[PDB]
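Step one of this worksheet: look at the structure below.
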Amino acid sequence: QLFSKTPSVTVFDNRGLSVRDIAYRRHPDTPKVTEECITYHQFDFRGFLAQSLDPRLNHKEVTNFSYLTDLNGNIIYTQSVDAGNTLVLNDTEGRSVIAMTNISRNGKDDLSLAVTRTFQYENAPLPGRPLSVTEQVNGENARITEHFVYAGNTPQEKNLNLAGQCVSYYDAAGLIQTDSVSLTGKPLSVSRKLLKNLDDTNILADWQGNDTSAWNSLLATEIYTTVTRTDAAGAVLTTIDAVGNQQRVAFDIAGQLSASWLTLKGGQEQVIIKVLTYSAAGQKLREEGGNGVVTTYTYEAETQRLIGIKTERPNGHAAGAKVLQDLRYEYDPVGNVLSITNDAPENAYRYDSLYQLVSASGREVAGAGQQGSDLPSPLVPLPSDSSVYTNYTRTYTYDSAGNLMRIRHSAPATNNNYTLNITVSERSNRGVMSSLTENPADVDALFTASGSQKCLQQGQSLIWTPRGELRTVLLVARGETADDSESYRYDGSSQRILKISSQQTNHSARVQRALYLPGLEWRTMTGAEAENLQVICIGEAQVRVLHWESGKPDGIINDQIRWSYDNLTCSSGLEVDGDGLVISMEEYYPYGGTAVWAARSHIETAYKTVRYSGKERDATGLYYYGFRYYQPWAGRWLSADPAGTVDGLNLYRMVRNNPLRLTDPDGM
Amino acid sequence: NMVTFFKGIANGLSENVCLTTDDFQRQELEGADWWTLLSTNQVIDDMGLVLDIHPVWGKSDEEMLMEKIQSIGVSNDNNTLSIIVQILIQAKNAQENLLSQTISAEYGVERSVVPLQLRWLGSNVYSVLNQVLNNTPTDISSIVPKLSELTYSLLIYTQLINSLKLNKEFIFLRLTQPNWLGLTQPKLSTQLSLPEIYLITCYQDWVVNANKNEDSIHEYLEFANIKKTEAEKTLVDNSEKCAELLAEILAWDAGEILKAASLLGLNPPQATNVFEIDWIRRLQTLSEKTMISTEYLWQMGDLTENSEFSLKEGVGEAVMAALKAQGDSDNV
Amino acid sequence: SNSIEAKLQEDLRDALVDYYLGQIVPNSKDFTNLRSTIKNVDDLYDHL
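Put into structure tokens, the structure is as follows:
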């Protein structure tokens, strides 16, 4: 095959370190040229890499990195033209001491933008463990972003197995009072308390001075503790989100999951499974949830390349024999997909020799329009029609370096053809769809000294913060009104513990506040009549469930349970009730634009936000991927992470661009 | 592209750069308006803009702004003068920085050296602002190509300087001291010829290869060049002192160097132009090759000239002496 | 190495040799009658 003679090579100095990258890359439809897909790598007299480049900068003769090091030669203070000069600094004993980034490009660069965090520790006799850390505003005030209050060794602390342990991680978003632990070292309870008002966007969550005798002003009434009991196997015996949600699980003779039963807040606990069958690889095979459908999955047993999946309501079901789907899938030697189809009409794909995707033709639903920063309406009810998902072609294009060019498309069924084109920096990964700016050198002015974007999707309000975190935003609004804005709390582990959005100006004043906790999302859309409702981690990958405290639905029960098809990409593309009828079916390009979006009923729109990639949508259409975030109109991160250096040069390098090249989306 | 330059510069000039009568009738500024005085003794434009003088190592920012007023003295008060210097320096800083921020940094321009980039174009910030107002050409039609030619020559200068990884002091002292270079010509800015380029080469080469700091070299060049030309000629003393200093810089015999100057007929002996040091250095390279008496190394030129034998046999024996002594140093 | 120049002296041998054959043979006021001596080695004995 013409794919032959595309090898990768590595070439070394006499020290024995690879002085360049080598591949042999060909665009298949113009096969005469194989690219100079090779690049510089340079290492010091200590054998440690000083430099590497985009080849496209090499004849431009401008450097891309800096590294600075100690005796023992570890990196200290270091820069790239995308990441910016950045520091984390550590003890002799490697304990962290301080962290800084967001420093300008003249060389006299301005550390008054250092965004500082610094760390504080035990003293003798105690071993020197971190009792605390503080933010410092660069050039300004420090505030104690957390404490890690280590226990003593009282008989109490023995009992609780908290001997010496952090009984109180006073923290961003409040306190977790770790307050019992097992002989198996597993925790057994911890009082997660929020802030005195967690939807207060500006109370510190910083823990200055003597002790919580002060910070009682700052910790919540929301004493939303968790409690736990454990097997000797360490698997969960039970666990209880002390607001009233709880869980139990059981396993086979070896240890695979056999059943689980999960109490929704103060309710009964009920089993999720009706029938179960795994593969011997422990992967699934033939399952029936409380949904009561036969679903089955079929794969290359050597590799679990799923050749297909079938679902029906079985013969003799409460709603009789009814096939619901029958998907089939096709794969290459290394295992890249090439096509998929289903019945109850086909789609197909192409890649560079690099496996860099280039084509993704298929079928997509009429009337959805050309993709914007939106989710359309679903087709409702679910079309039985053979055609409304009309056939189409879509394609991808990419830089010599790790950057996209364009997505290019035809909708011949409707002549709705168009192309998307990206403007990108002369000198960095800074770049966006050309209607934001067409200028590939103006475009680089638009990003922070930490390479996050200065302003939102089309210039809307945004602030980035310590832990790097974006923390307030104006997703969309009228006349610059704040009543359509959004903001977050997260803990020091960046657990996105609370949403607080407004969408209420001349509107239903149901303040779009939602908590997130162990086992729990608590949407609290307060004040029209407050729509206050919990949803629980029925899994994680999850079945899903709902409970109104207020703002009850029409025609719909509280505590209703539904299963969903987190597919080969975890993409939750279909949702089904306890009776084997589909609520909704939806699908999306690799670019994450929707191919299809449909439901059997209309207000079901309100009930589903975790979707493509299996990830949560943020409100506009972009996904909360899970620490970073994904924009589908651009088909990109809307978020840099220069920590991707471990795996690629581009701060916004999305994935190995056939995304199915890789397994598991954490969304950082 | 050019329109976006004129965009920021045309508005910001009128906004902030226009220095005013009240700026020179401030609470401390009693009596005659320094604004008028400098709008008479030309230092401030009728648009209030600073008449930006080119930087040179002969002086400094405040030294220049001080002399600017002290050379005539519309006010004798050191206080008023000094604070007015503070005022005009903040104004000039804003003026110059604004022009730096406005110039398409996308040109690959380091904003920090924009005024000296201008001075290599001969031009200055003030004349830039003058042309900026002459059309406020934030439009494609009013931008005359004479203006864009500057950016073009900047494309040249920048691709060069970006390969150089230049230091501002280099260009500063360069334009300050072409008399220290091999050339001092009217429009080098455009002639941009090989001699200049080789001067750059050997200059940067010496910089990286030298044993000591760049300013220690500038000190050598002051103590040799300016010192020799203090009077018509003035520097018998620093023959040895410069030779030893350069020996510290390059690790070779000061005496040998002095003799090299002697056979070059350079009086006073101090080799003090970049090309002179480079030649000397080439002599050192020849020494690093063969360690022969540079007297003879130079005498070797006559060998090509035949026409006589005694010198030939002499230097021939000299080559044998080199063979034995240096070979022995290569082998023992 | 001195070996480099160590050729020169053989050249000098050749020079002497020719100075014998070329100059001495016709210009020898000594040995003006006697000839033979066609080969270098000869005078190594005869007078050298």
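Chains Q, A and B are the protein sequences, given in the same order.
For the first sequence, the positions run 4 to 108, 111 to 349, 362 to 544, 547 to 559, 563 to 690 when the authors' numbering is used.
For the second sequence, the positions run 833 to 1164 when the authors' numbering is used.
For the third sequence, the positions run 2 to 49 when the authors' numbering is used.
Here a beta-carbon is modelled for each residue, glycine too, at the ideal position from N, C-alpha and C.
Would you check if the distance between the CB atom of residue i and the CB atom of residue j is smaller than 9 Å?
| i | j | result |
| --- | --- | --- |
| Q:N221 | Q:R683 | no |
| residue 796 of chain A | A:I1003 | The structure shown does not extend to residue 796 of chain A, since chain A spans only 833 to 1164, so no value can be given for it. |
| Q:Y652 | Q:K637 | yes |
| Q:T189 | Q:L167 | no |
| Q:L199 | Q:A219 | no |
| Q:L374 | Q:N589 | no |
| Q:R622 | Q:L399 | yes |
| Q:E317 | Q:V299 | yes |
| A:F838 | A:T990 | no |
| Q:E497 | Q:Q529 | no |
| A:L1129 | A:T1122 | yes |
| A:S1125 | A:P1101 | no |
Could you check where the alpha helix (DSSP H) with residue i kicks off and where it finishes?
| i | result |
| --- | --- |
| A:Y1128 | 1126-1131 |
| residue 1183 of chain A | In the structure displayed, chain A extends from 833 to 1164; residue 1183 of chain A sits before or after that span and is not available. |
| Q:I345 | Here Q:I345 belongs to no alpha helix (DSSP H); instead the beta strand (DSSP E) covers 342-346. |
| residue 776 of chain A | Within the shown structure, residues of chain A are numbered from 833 to 1164, placing residue 776 of chain A beyond reach of any answer. |
| A:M896 | 893-902 |
| A:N925 | 910-934 |
Using C-beta distances below 7 Å, list every residue in its chain close to residue i, excluding the 5 sequence neighbours before and after it, in chain order.
| i | result |
| --- | --- |
| Q:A549 | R527, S572, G573 |
| Q:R23 | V14, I41, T42, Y43, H44 |
| Q:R148 | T139, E140, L209, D211, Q213 |
| A:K900 | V875 |
| Q:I278 | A264, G294 |
| Q:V405 | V382, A383, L396 |
In the DSSP assignment, the beta strand (DSSP E) including residue i goes from what residue to what residue?
| i | result |
| --- | --- |
| Q:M103 | 99-103 |
| Q:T316 | 310-318 |
| residue 360 of chain Q | No atoms of residue 360 of chain Q appear, because in chain Q residue 349 is followed directly by 362. |
| Q:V299 | 299-305 |
| A:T990 | Looking at the DSSP string, A:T990 is not in any beta strand (DSSP E); the run it does join, the alpha helix (DSSP H), is 977-996. |
| Q:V668 | First-last for Q:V668: undefined, no H or E at that position. |
| Q:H152 | 147-152 |
| Q:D331 | 327-336 |
| A:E1108 | No beta strand (DSSP E) contains A:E1108, which is instead part of the alpha helix (DSSP H) from 1106-1122. |
| residue 776 of chain Q | The first residue shown for chain Q is 4 and the last is 690, placing residue 776 of chain Q beyond what the model contains. |
| Q:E381 | 374-382 |
| Q:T436 | 435-441 |
Ignore the nearest five residues each way along the sequence and tell me which others in residue i's own chain have a CB closer than 8 Å to its CB.
| i | result |
| --- | --- |
| Q:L118 | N105, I106, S107, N143, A466 |
| Q:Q477 | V490, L491, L492, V493, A494 |
| Q:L479 | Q470, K471, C472, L473, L487, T489, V490, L491 |
| Q:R658 | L421, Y652, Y674, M676 |
| Q:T436 | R423, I424, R425, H426 |
Please determine whether the Cβ atom of residue i lies at a distance below 8 Å from any heavy atom of the ligand MN.
| i | result |
| --- | --- |
| A:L1090 | This structure lacks the ligand MN; in fact it carries no ligand of any kind. |
Excluding the 5 residues preceding and the 5 following residue i in the sequence, name in chain order all residues of the same chain whose CB lies nearer than 6 Å to its CB.
| i | result |
| --- | --- |
| A:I1109 | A1103 |
| Q:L392 | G643 |
| Q:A26 | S11, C40 |
| Q:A458 | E443 |
| A:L881 | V849, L961 |
| Q:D508 | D176, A177, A178, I514 |
Contact set between the segment 2-30 of chain B and chain A, restricted to residues whose Cβ is under 8 Å from the partner
Under the 8 Å Cβ criterion, the segment 2-30 of chain B contributes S2, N3, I5, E6.
Pull out every residue of the segment 1111-1135 of chain A whose Cβ sits closer than 8 Å to any Cβ of chain Q, in chain order.
Listed by position, the residues of the segment 1111-1135 of chain A near chain Q (Cβ gap below 8 Å) amount to none.
Runs of 3 residues minimum, wholly inside the segment 175-245 of chain Q: which ones carry the beta strand (DSSP E) assignment?
Counting only runs of at least 3 residues, the segment 175-245 of chain Q fully encloses the following beta strand (DSSP E) elements, listed from N- to C-terminal order: 179-186, 192-200, 224-228, 231-235.
Mind pulling the beta strand (DSSP E) runs of 3 or more residues that sit fully within the segment 453-511 of chain Q?
Fully enclosed beta strand (DSSP E) runs of 3 or longer: 479-481, 487-490, 503-506.
Give the residues from the segment 895-924 of chain A that approach chain Q closer than 7 Å (Cβ to any Cβ), ordered along the chain.
Cβ contacts with chain Q: none found.
Counting only Cβ-Cβ distances shorter than 9 Å, please list the residues of the segment 130-145 of chain Q near chain A, keeping chain order.
Hits within the stretch: zero.
Taking a Cβ distance cut-off of 8 Å, strictly less, list which residues of the segment 991-1015 of chain A are near chain Q, in chain order.
Of all residues in the segment 991-1015 of chain A, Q991, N994, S995 have a Cβ within less than 8 Å of some Cβ in chain Q.
Jot down the residue ranges of each uninterrupted beta strand (DSSP E) in the segment 51-82 of chain Q, minimum 3 residues, whole runs only, in chain order.
You should have 52-55.
Could you please tell me which residues of the segment 458-483 of chain Q, in chain order, have their CB closer than 7 Å to any CB of chain A?
Residues of the segment 458-483 of chain Q that bring their beta carbon within less than 7 Å of a beta carbon in chain A comprise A458, in sequence order.
Chain-ordered residues of the segment 61-75 of chain Q with a beta carbon less than 9 Å from chain A:
Across the segment 61-75 of chain Q, CB contacts with chain A closer than 9 Å involve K63, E64, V65, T66, in sequence order along the chain.
Pull out every residue of the segment 942-957 of chain A whose Cβ sits closer than 8 Å to any Cβ of chain Q, in chain order.
Closer than 8 Å at the C-beta level to chain Q, one finds these residues of the segment 942-957 of chain A: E942, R943, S944.
Alpha helix (DSSP H) runs wholly inside the segment 1042-1084 of chain A, at least 4 long, in chain order
Residue ranges of uninterrupted alpha helix (DSSP H) with 4 or more members, entirely inside the segment 1042-1084 of chain A and ordered along the chain, are 1046-1053, 1070-1082.
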